[PDB]
Amino acid sequence: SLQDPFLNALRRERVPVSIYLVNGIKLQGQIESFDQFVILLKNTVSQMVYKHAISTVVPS
Amino acid sequence: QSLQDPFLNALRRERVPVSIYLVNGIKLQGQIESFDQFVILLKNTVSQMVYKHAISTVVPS
Amino acid sequence: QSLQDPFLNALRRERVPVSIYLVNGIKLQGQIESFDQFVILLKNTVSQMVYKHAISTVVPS
Amino acid sequence: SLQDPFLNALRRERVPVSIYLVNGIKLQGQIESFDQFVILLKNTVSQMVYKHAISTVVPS
Amino acid sequence: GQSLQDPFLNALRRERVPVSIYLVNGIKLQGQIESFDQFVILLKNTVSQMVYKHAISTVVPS
Amino acid sequence: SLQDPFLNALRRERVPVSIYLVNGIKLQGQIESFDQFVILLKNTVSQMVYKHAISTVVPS
Ligand SMILES: Nc1ncnc2c1ncn2[C@@H]1O[C@H](COP(=O)(O)OP(=O)(O)O)[C@@H](O)[C@H]1O
Ligand SMILES: Nc1ncnc2c1ncn2[C@@H]1O[C@H](COP(=O)(O)OP(=O)(O)O)[C@@H](O)[C@H]1O
Ligand SMILES: Nc1ncnc2c1ncn2[C@@H]1O[C@H](COP(=O)(O)OP(=O)(O)O)[C@@H](O)[C@H]1O
Ligand SMILES: Nc1ncnc2c1ncn2[C@@H]1O[C@H](COP(=O)(O)OP(=O)(O)O)[C@@H](O)[C@H]1O
């Protein structure tokens with residue numbers, strides 16, 4: 006797995022990220038936690054994002 | 005440990021308003037009544053079954 | 005499918021007019037004749053097979 | 006299960022169908038054959054349609 | 004339980020039949036089936052490209 | 006049998022690639038690594054791209 010260490014490093018280091026969705030929407034914040042299917046992204050509030058709707062995860 | 009289950013279980017038990025964004029950009033609003041592996045039942049004026057595969061994100065309103 | 009199946013079976017056994025929204029935003033209407041793991045058979049003018057993978061939400065109309 | 010007898014009834018009676026794709030595109034023709042993952046649709050040509058791309062199959 | 008997809012694509016590859024592959028977003032690719040596996044098709048055009056089946060709606064000979 | 010050798014050849018030889026996404030967006034850069042579900046694309050930065058969001062991968 007490449008996915009878990011990649012997200013874990015962003016989460017551990019509190020790196021601001023952009024999460025692009027498959028419909029072109031750009032979400033921004035910090036990754037707080039994740040599991041096999043979802044990622045918890047926090048900006049002003051915490052939202053649960055389904056990985057199936059995610060296209061790309063990038064440091065912002 | 006699932007993160008999805010505690011997140012949706014907290015929203016369900018809290019009975020708070022929730023915003024569900026669909027992959028096509030539509031935003032649904034209501035209370036989470038229950039959920040299983042594939043669907044969430046959202047309650048507003050009516051009770052509706054939402055397939056998780058169609059959801060991009062879930063946030064308390 | 006501890007939720008999915010009882011939700012759909014009730015709509016089917018009770019012959020409730022339903023709305024089925026697809027992930028592209030199209031809204032189909034009719035009665036659920038039957039369903040299995042993968043598809044719903046919706047009847048209005050004719051019987052049509054809807055793949056669950058293309059469905060966003062099912063609600064009584 | 007429902008797919009096989011639904012698709013086979015259409016095949017056996019050679020009834021023209023509309024296959025609507027998840028993106029709204031409408032295909033037309035007759036069901037020639039199908040398997041777990043694809044449907045062969047016969048019109049002016051024989052085209053292989055991936056079920057994962059289909060929203061609905063309707064007698065046309 | 005017998006595949007229709009595999010002999011279909013295989014025959015296309017075998018005889019170098021010109022195809023159109025339509026994507027789920029409406030984009031039309033053109034060329035020849037070069038190879039394929041469980042998850043991808045390699046389509047030979049003016050260049051060689053790997054196409055994910057999950058992104059494919061239809062494969063059309065013409 | 007086709008995907009792994011294809012992506013590894015690009016990675017190993019450091020060939021500049023275009024990754025087209027299901028929403029039409031085109032990403033460019035070098036394949037850093039990949040696993041079963043993701044490809045790490047290196048550009049100015051490292052982005053994790055979900056394969057479910059990819060339609061095509063081609064040398065640019
Ligand atoms: N990796 C990606 N996945 C999905 N959509 C993307 C990606 N990169 C850019 N986009 C989308 O393409 C559009 C144009 O991109 P760009 O001009 O770079 O805007 P942004 O500043 O939002 O990245 C935006 O809607 C953006 O969200
Ligand atoms: N639960 C849903 N899932 C997907 N799309 C929806 C849903 N509810 C409404 N829409 C879409 O959002 C758009 C706005 O809704 P509108 O036209 O006012 O009718 P409505 O009661 O049919 O939503 C409609 O075109 C409809 O297709
Ligand atoms: N049974 C169906 N399943 C999925 N989508 C449909 C269905 N019927 C119509 N649509 C979509 O709604 C749009 C308008 O359809 P409508 O005017 O009812 O008939 P037509 O399909 O001839 O245009 C179509 O372009 C199609 O994408
Ligand atoms: N294989 C492909 N998959 C998805 N989209 C594509 C593909 N090839 C081209 N497109 C899209 O078609 C649009 C029309 O121009 P395009 O053919 O892309 O030029 P370019 O090949 O140089 O990117 C582009 O914006 C591009 O995003």
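Residue numbers (the authors' numbering), protein chains in the order written: chain E, 6 to 65; chain D, 5 to 65; chain C, 5 to 65; chain B, 6 to 65; chain A, 4 to 65; chain F, 6 to 65. Just so it is clear, CB atoms sit at the ideal spot from N, CA and C, and this is done for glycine as well.
As assigned by DSSP and simplified to three states, the class of residue i
i	result
residue 33 of chain C	strand
residue 52 of chain B	strand
residue 39 of chain B	strand
Paired residues, beta bridge with residue i - DSSP
i	result
residue 64 of chain B	B/22
Cβ separation of residue i and residue j, assumed to be a contact under 8 Å, to the nearest whole Å
i	j	result
residue 65 of chain A	residue 10 of chain A	About 19 Å; that fails the 8 Å criterion.
residue 63 of chain E	residue 50 of chain F	6 Å
residue 30 of chain C	residue 46 of chain C	About 12 Å; that fails the 8 Å criterion.
residue 24 of chain F	residue 32 of chain F	4 Å
residue 15 of chain D	residue 39 of chain E	Actually they are not in contact, since the Cβ atoms of residue 15 of chain D and residue 39 of chain E sit about 18 Å apart, beyond 8 Å.
residue 27 of chain F	residue 43 of chain A	Actually they do not touch by this definition, with Cβ atoms about 14 Å apart.
residue 61 of chain A	residue 52 of chain B	5 Å
Unbroken alpha helix (DSSP H) run spanning residue i, endpoints
i	result
residue 8 of chain B	8-17
Residue i CB to nearest heavy atom of ligand 6 below 7 Å
i	result
residue 32 of chain F	What this structure holds is ligand 1, ligand 2, ligand 3 and ligand 4, not ligand 6.
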